[PDB]
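Remarks on the structure that follows.
2 protein chains.
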Amino acid sequence: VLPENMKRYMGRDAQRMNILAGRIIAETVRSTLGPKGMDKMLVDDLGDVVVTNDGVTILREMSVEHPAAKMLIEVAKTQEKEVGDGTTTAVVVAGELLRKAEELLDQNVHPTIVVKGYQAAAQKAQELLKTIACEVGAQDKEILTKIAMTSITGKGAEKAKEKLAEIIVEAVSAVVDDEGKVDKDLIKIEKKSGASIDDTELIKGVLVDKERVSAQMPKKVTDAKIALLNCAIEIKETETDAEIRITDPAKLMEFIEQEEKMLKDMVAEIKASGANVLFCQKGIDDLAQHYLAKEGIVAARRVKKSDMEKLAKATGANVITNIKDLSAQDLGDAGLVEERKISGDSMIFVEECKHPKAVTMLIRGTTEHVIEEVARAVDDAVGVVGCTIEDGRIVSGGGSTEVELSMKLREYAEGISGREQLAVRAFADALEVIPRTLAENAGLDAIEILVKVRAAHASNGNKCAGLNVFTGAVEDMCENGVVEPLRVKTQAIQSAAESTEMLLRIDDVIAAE
Amino acid sequence: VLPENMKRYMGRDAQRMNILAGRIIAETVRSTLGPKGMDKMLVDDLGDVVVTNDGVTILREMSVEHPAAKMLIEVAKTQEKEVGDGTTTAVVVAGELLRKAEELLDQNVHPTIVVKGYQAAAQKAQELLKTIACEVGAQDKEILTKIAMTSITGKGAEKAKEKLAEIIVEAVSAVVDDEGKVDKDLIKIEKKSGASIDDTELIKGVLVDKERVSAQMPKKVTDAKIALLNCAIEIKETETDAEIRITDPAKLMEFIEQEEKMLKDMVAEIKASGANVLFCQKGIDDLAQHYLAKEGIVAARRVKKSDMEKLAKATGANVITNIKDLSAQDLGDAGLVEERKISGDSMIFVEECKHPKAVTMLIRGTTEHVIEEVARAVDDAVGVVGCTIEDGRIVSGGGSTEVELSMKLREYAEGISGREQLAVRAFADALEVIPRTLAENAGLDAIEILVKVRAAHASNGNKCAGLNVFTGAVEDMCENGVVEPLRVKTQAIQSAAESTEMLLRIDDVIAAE
């Protein structure tokens with residue numbers, strides 16, 4: 043029936059082969075999983091080198107032969123399209139989940155039961171997460187400082203964790219407005235090597251990496267009135283083609299003086315507004331700079347269009363098209379506009395804004411690489427503070443959730459009884475991989491840590507436990523402000539289970555040669 | 043350095059390959075392990091068929107290619123030479139033990155620790171077995187009947203388990219003499235299809251499958267005096283070559299009458315002893331049968347030399363070489379010697395012996411195959427009764443030992459602490475394979491049974507639990523007389539651990555191509 047050369051596996055042979063292939067891949071990528079996960083270096087037959095942690099990338103680049111291994115590759119791609127993250131997690135968890143599930147099959151527990159038990163326990167797991175979650179004041183000063191400081195600790199920047207935690211909480215709180223949605227676009231990160239980390243600071247305003255275009259401009263302006271124009275301050279010309287037809291010598295002068303008046307009127311109007319700072323999107327003719335300078339007006343030219351819009355938002359200036367439309371109500375306020383040297387380079391500071399909706403955090407450090415990591419550290423601190431502001435729920439980490447779930451699910455298992463309890467029992471036992479690889483990747487005794495932690499948790503409670511990989515001992519997770527959003531864990535479970543259910547649904551595998 | 047063609051694996055690659063090969067073999071044979079283990083049919087390239095359960099045989103016959111698989115074959119052979127049994131057990135247990143041990147290696151627990159923890163827990167396991175063992179009266183009538191009856195139940199012969207349990211306990215108790223060593227050689231098993239199992243019985247004597255050689259012999263003898271001779275009752279001749287040299291006609295008669303007297307004197311002497319039964323090892327001339335018959339003496343000829351010795355032991359007759367040495371003190375006693383037809387065939391019954399040291403259990407049944415299985419059933423009942431008579435210790439089965447050990451070892455683990463506790467913890471977790479495969483091979487829910495049993499055991503106690511595969515529910519193991527010798531379990535652990543220690547000691551594998 044089939045072309046000679048085609049190969050086929052069926053029943054328990056199809057199952058054995060498929061599972062085994064998937065498992066081996068899982069063992070290959072699992073070494074990247076987690077905060078303490080490491081990376082791989084893949085050098086193709088051409089010499090190109092890729093160093094990554096991404097499961098898809100590793101699997102996409104490698105050259106697989108086995109059909110069963112090629113079919114699993116599709117799983118990794120669908121995981122990326124659907125959810126984005128959890129590629130490595132889903133493969134590793136899916137493998138163990140399938141392995142433990144097959145142990146039930148060998149016991150003669152119908153796969154419809156195993157899959158149902160997992161579904162049921164998985165849905166109940168989300169409820170338990172919502173139940174054990176510790177509710178907090180979204181804008182609580184003290185707890186916020188713990189989130190911030192907890193992130194900063196264990197990094198080069200820890201030397202000034204107190205000041206940094208302060209500025210970070212304040213920056214988010216300012217731009218968030220209501221309680222709350224945050225747009226991290228209103229918090230700029232400028233990093234310039236020089237000084238130390240102690241010099242880092244928050245600026246309730248903006249730090250632009252530009253200079254005052256002309257030398258003759260004032261070096262200091264107080265109570266500045268900033269103007270934001272996007273139209274070029276040049277001699278406008280009609281869209282329709284035009285040309286002057288001179289017929290008398292009197293006109294040679296007539297037109298020259300006409301263009302001079304137009305140019306002077308332009309500049310004169312800007313001054314008439316009371317503006318002492320002007321940001322133009324297009325060009326500024328040299329002569330215009332000269333008059334601007336003589337009027338003690340500070341000007342900037344050739345500003346990016348996207349920057350013109352960021353400048354409007356930050357400074358609170360209204361972009362006007364026609365000068366005719368400009369009014370005092372369109373002017374923005376800055377408490378201070380000053381030229382400062384930072385690591386020698388000249389930069390402009392717009393600081394002491396009344397109630398800025400965009401702030402900048404100028405980072406200092408003894409090295410480029412240092413300020414880069416400090417920037418990453420803050421990107422996270424803003425992130426986690428944002429998570430708590432939108433979802434006033436927090437939860438202990440160090441695999442505390444999975445332990446709570448394992449306990450309660452075991453009791454629930456007993457309530458249900460029958461074969462279905464075995465399926466719910468296996469789900470609870472499967473959850474232990476998290477604790478297992480947390481301490482394994484950390485280089486802690488996985489067996490001993492789990493025994494000590496679980497015991498300590500059962501005694502001291504929920505907010506007096508977890509694993510502290512840094513000190514290698516139980517602690518107070520709450521006191522140490524070591525918390526993550528519930529959404530992290532909830533979404534992880536959801537996407538993870540939906541992938542496992544797809545695999546569990548397959549009862550027939552037909553792979554061509 | 044090495045000849046091109048040679049292949050080498052080292053470090054974690056040598057370890058991965060070796061473990062994996064061993065594991066796959068273990069999965070192949072594990073389906074035979076246990077009371078509910080099944081058999082395999084192996085048909086070589088020649089057509090020969092072997093159906094066995096033996097691990098060595100299966101592995102010896104199969105044609106392996108992989109060097110690592112060939113090296114494991116040596117394990118199976120050494121297991122046979124050293125201990126005999128536990129070939130399949132040792133391979134299967136050794137595989138899982140190695141797998142669980144490698145999980146510790148990945149956690150960075152020095153293999154010297156893992157091996158030590160197993161050794162320590164294994165030695166402690168033997169102590170715990172001696173501690174939990176329930177001591178009983180070696181010759182307790184009632185408990186003995188439970189051992190007997192428990193064996194018989196669930197077999198074709200169960201219809202008469204009460205009578206059979208009675209005869210079996212009595213047979214062993216009689217031949218054991220002191221308390222106690224038993225020689226199963228004193229309990230003969232004769233099986234002849236015909237009648238039913240209800241007709242089975244014990245005979246305090248012997249049942250020989252022979253006939254009375256001559257028709258004219260008495261058909262019934264009371265208070266019989268049995269003689270056991272090994273010398274032939276013929277005309278003796280000198281070792282040195284001799285010949286009669288007749289020189290007178292008077293001698294032709296002289297010698298004839300001389301040989302007649304010698305022959306008559308022989309026979310006359312036997313009668314003179316008061317013997318009415320005679321067992322001769324060699325031949326009996328027809329004329330001798332005639333006189334023996336006329337004297338109402340029963341005789342048997344051409345008896346096996348080994349049978350002559352069994353006849354001496356059983357009947358309590360003393361084998362004499364020269365008739366001159368025979369005396370009344372050499373005579374044996376039998377309460378009855380009678381010819382009976384059993385399934386038509388004629389057999390001799392030596393029954394109603396005073397205090398027989400050898401008994402026979404005549405088995406009846408509607409089929410040959412039935413009486414054969416009944417014989418096996420008794421061979422076991424005698425065995426287990428023998429185990430209890432020599433070691434007045436018994437213990438609950440159904441994996442009760444391993445559960446007790448798992449509990450106590452876990453506490454001991456906590457006492458020791460450190461990494462060593464993880465090794466002792468893994469040993470305790472490894473013990474669960476027994477419960478796992480007991481219910482798996484039985485077709486019971488392995489997970490659910492274990493949960494129910496352990497809980498029930500923790501509540502009802504030690505003698506109110508175990509698994510009862512027959513009813514598929516907890517029971518009272520003691521009330522049901524479902525016990526095994528401690529020696530079974532103790533030796534199993536000892537031999538098993540010594541094989542595992544050999545594997546654990548290997549840190550270098552060098553296999554040629």
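Chains as they are written, first to last, in the working numbering: chain A, 43 to 555; chain B, 43 to 555.
Where is the CB? At the ideal position from N, CA and C, for every residue including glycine.
Applying the 10 Å Cβ sphere with the 16-neighbour rule, what's the burial state of residue i?
i: residue 334 of chain A; result: buried
i: residue 482 of chain A; result: buried
i: residue 477 of chain B; result: buried
i: residue 165 of chain B; result: exposed
i: residue 487 of chain B; result: buried
i: residue 344 of chain B; result: exposed
i: residue 126 of chain A; result: exposed
i: residue 347 of chain B; result: exposed
i: residue 83 of chain A; result: exposed
i: residue 213 of chain A; result: buried
i: residue 320 of chain A; result: buried
i: residue 44 of chain A; result: exposed
i: residue 363 of chain A; result: exposed
i: residue 323 of chain B; result: buried
i: residue 469 of chain B; result: buried
i: residue 519 of chain A; result: buried
i: residue 285 of chain B; result: exposed
i: residue 447 of chain A; result: buried
If we cut at 9 Å on Cβ distances, does residue i have a partner in chain B?
i: residue 468 of chain A; result: yes
i: residue 218 of chain A; result: no
i: residue 54 of chain A; result: no
i: residue 488 of chain A; result: yes
i: residue 482 of chain A; result: yes
Residue i and residue j look like a contact to me (Cβ under 8 Å); what is the Cβ gap, rounded to whole Å?
i: residue 337 of chain B; j: residue 313 of chain B; result: 5 Å
i: residue 415 of chain A; j: residue 197 of chain A; result: 7 Å
i: residue 110 of chain A; j: residue 63 of chain A; result: 4 Å
i: residue 79 of chain B; j: residue 95 of chain B; result: 6 Å
i: residue 551 of chain A; j: residue 56 of chain A; result: 4 Å
i: residue 430 of chain A; j: residue 180 of chain A; result: 6 Å
i: residue 528 of chain A; j: residue 171 of chain A; result: 6 Å
If you measure from the beta carbon of residue i to each beta carbon in chain A, is any gap under 9 Å?
i: residue 493 of chain B; result: yes
i: residue 241 of chain B; result: no
i: residue 514 of chain B; result: no
i: residue 485 of chain B; result: yes
To be precise: take each residue of the stretch 129-152 of chain A, compare its Cβ to all Cβ atoms of chain B, and keep it if any distance is under 8 Å. Which residues remain? Identification of residues in the stretch 129-152 of chain A having a C-beta nearer than 8 Å to some C-beta of chain B yields 146, 148, 149, 150 and 151, given in sequence order.
Select from the stretch 444-478 of chain B all residues with a C-beta closer than 7 Å to any C-beta belonging to chain A, and list them in chain order. 461, 463, 464 and 467
Using a Cβ-Cβ cutoff of 7 Å, what residues of the stretch 494-511 of chain B are near chain A? List them in chain order. Answer set for the stretch 494-511 of chain B: empty.
How about the stretch 395-406 of chain B and the stretch 454-464 of chain B: do they share at least three Cβ pairs that are nearer than 8 Å? No, the stretch 395-406 of chain B does not touch the stretch 454-464 of chain B.
Between the stretch 465-476 of chain B and the stretch 142-157 of chain B, are three or more C-beta pairs nearer than 8 Å? Under the three-pair Cβ rule at 8 Å, the stretch 465-476 of chain B counts as touching the stretch 142-157 of chain B.
At least three beta-carbon pairs within less than 8 Å, the stretch 122-139 of chain A to the stretch 436-446 of chain A: Contact annotation: the stretch 122-139 of chain A does not touch the stretch 436-446 of chain A, with fewer than three C-beta pairs closer than 8 Å.
Would you call the stretch 356-375 of chain A in contact with the stretch 312-329 of chain A, where contact means no fewer than 3 C-beta pairs closer than 8 Å? yes
Determine, using beta-carbon pairs with one atom in the stretch 417-429 of chain A and one in the stretch 181-197 of chain A, whether at least three such pairs fall under 8 Å. yes
For the stretch 250-259 of chain B and the stretch 293-303 of chain B, state whether three or more C-beta atom pairs, one from each stretch, are separated by less than 8 Å. no
Counting beta carbon pairs with one atom in the stretch 533-550 of chain B and one in the stretch 118-134 of chain B, are three or more of them shorter than 8 Å? yes
Below 8 Å, can you find three or more Cβ-Cβ pairs linking the stretch 254-268 of chain B to the stretch 376-383 of chain B? Proximity of the stretch 254-268 of chain B to the stretch 376-383 of chain B meets the contact definition, three or more beta-carbon pairs being nearer than 8 Å.
Are at least three pairs of beta-carbons, each pair with one atom in the stretch 201-211 of chain A and one in the stretch 348-368 of chain A, less than 8 Å apart? no
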